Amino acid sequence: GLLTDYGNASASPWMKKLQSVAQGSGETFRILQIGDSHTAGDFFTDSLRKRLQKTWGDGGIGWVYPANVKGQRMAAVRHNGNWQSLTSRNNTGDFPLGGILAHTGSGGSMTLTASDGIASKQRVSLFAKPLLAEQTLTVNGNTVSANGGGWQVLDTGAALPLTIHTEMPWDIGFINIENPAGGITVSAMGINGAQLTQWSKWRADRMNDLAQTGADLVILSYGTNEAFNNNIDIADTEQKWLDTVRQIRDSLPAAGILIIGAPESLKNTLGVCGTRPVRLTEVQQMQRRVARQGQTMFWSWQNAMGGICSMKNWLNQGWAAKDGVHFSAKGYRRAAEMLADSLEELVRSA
């Protein structure tokens, strides 16, 4: 239906891991959604998170921002500290996978508090880059040290609330917080306005960061912004997309991949139906071709909405924002519940 599998999900390593989690293996099945503002608002991914965690187990909050990010949102944690975030939306830098870092400063402090939470000791990992090799920081009072310099992942253990102190400056990327009993996590790596090809803004070794997320299913949710580029080169874009899928597979050989086809957007909300941006249809079609050629799964958000000429109706009923591009909280929740529906069906039939 909405979900088309161009691979062989039932025969896959990731499905086998999901099923055993489903039967109480204690493993953690890690779903990672990387995308644009639809993802960055966390309304879509948090609905997916809550639904699939009830179905298959609360594996914890997963990979979250190291600090508040202007215009973006984490539903599962709250931040209180003096770290300063920076994203690839408007800036350049040495970004780890996801395009977000935070400068801690000296005398730096950040406390993460779970919006719900089970305050037992979680597994904690952090993307981190020290100013100096061998530099330390503390996580709930425990000393954690870098090995050499450059971006790396620090592994430790602590409970929530989680307090991280930096005597000297570091850059920090996403921070993974997992419950030791296992289950599902859903991590949201969104950037307002982003396009898939703009992973090129991130550091050259970004695929090694991806390898270290532990993601068992990678969801790519882009298309809306590509669609608003009147001068986009579909043939070039398609090759870059295929390259990116190839690279994801090389970096995470056991992971599933799901491409979320762009929802309907409107260049202008006038008159019952139109008007679609001129390149939207070509972008959505490219996405499906990439899915098939890359043997990934494909979920048509436009079809989930009711197909072509559905956005104005969604807008009229408050499921989509007035701009005819972004959705309202309940609109995102609705779309994600349909995706969750689609995935549970797939597993059930396996």
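The first residue of the sequence shown is number 1, and the count goes up from there.
- Note on 213 to 221 vs 129 to 137: mean CA B-factor is higher in 129 to 137.
- Here the stretch with the larger average CA B-factor, out of 73 to 81 and 169 to 177, is 73 to 81.
- The top Cα temperature factor in the record, among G294, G62, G41, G26, falls on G26.
- Of the residues listed, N313, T281, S37, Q287, the entry assigns the biggest Cα temperature factor to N313.
- Among the modelled residues of its chain, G150 has a C-alpha B-factor that falls in the middle third according to the deposited record.
- Ranked against the other modelled residues of its chain, the C-alpha B-factor of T237 as given in the entry falls in the middle third.
- Per the deposited record, the Cα B-factor of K267 falls in the highest third when ranked against the other modelled residues of its chain.
- The deposited CA B-factor of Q317 belongs to the highest third of values across its chain.
- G182: CA B factor lies in the highest third for its chain, per the PDB record.
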